[PDB]
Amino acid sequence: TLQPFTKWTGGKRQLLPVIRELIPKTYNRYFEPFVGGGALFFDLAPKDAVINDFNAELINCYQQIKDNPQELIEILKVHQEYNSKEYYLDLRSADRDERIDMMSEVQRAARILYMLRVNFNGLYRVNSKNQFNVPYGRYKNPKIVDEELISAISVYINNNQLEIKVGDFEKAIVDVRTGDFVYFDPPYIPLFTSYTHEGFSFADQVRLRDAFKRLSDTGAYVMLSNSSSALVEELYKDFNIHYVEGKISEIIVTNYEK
């Protein structure tokens, strides 16, 4: 049935079996503050939820699937027919010459979705000027539009209760009440040593932990994914730390034992 409409860095599809076995048995509303591709969100298909991400282009994708599914599919079908390296390169440069400012939100959504489907590794990346800088891919699937899926996600969103937010995670959890369930999947701590990053800092990791604690002290179930780093071990030392994969690939923290 439902699943992510796009590939995304840190996507949790493969981890679903483990997560499904650790989610609380009963809860109220659902929250996913670093939504990304939404693997869990779409797997749960909550009737009342709250999703958020700092990346504005990604959220626009969610908003347009909800609001203009038909037009989105039409445009995607056009990109599909004219697909070529040359085509890709000219559409990509739109964010370097003000054309991007003249494009509608739905047109912008179609542009990014198309690019991710045909570029190198389906990677989302921009340069210091916020311009997309990923090259064209090789031997990719010529089928890049999934019509029924988009239509389905749209129907679902429009028939339920969903709050779509853009901005910092902290702002997206203000309405948390006792019994709600929140799943956090922030950018992982790199494997003390200072580190370069895309945006989330260790200082932020601290802030996040503080927020985790606050929510726990209020009566909500919280889940958090991160790397198997010692810092992670020290940080949530007061909680139920789960280890995943022998060589231990990653960690999942909970404020409970169901």
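Numbering starts at 1 and follows the sequence shown.
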{"query": "Deposited but uncoordinated residues in the residue 234/residue 235 interval", "finding": "none"}
{"query": "Residue 191-residue 192 interval: deposited residues absent from the model", "finding": "4 to 9"}
{"query": "Of 200-208 and 58-66, the stretch whose C-alpha atoms average the higher B-factor in the entry", "finding": "200-208"}
{"query": "Which of 4-12 and 249-257 has higher mean CA B factor, as the PDB entry lists it", "finding": "249-257"}
{"query": "Among 140, 129, 165, 177 - the residue whose C-alpha B-factor is largest in the record", "finding": "177"}
{"query": "Most elevated Cα B-factor in the entry, residues 107, 119, 84, 160", "finding": "160"}
{"query": "Residue 27, C-alpha B-factor rank within chain (lowest, middle or highest third)", "finding": "highest"}
{"query": "Relative C-alpha B-factor of residue 148, binned into the chain's lowest, middle or highest third", "finding": "middle"}
{"query": "For residue 97, the third of its chain into which the C-alpha B factor falls", "finding": "highest"}
{"query": "Residue 52 by Cα B-factor - lowest, middle or highest third of the modelled chain", "finding": "lowest"}
{"query": "Ranked C-alpha temperature factor of residue 41 among modelled chain residues, by third", "finding": "lowest"}
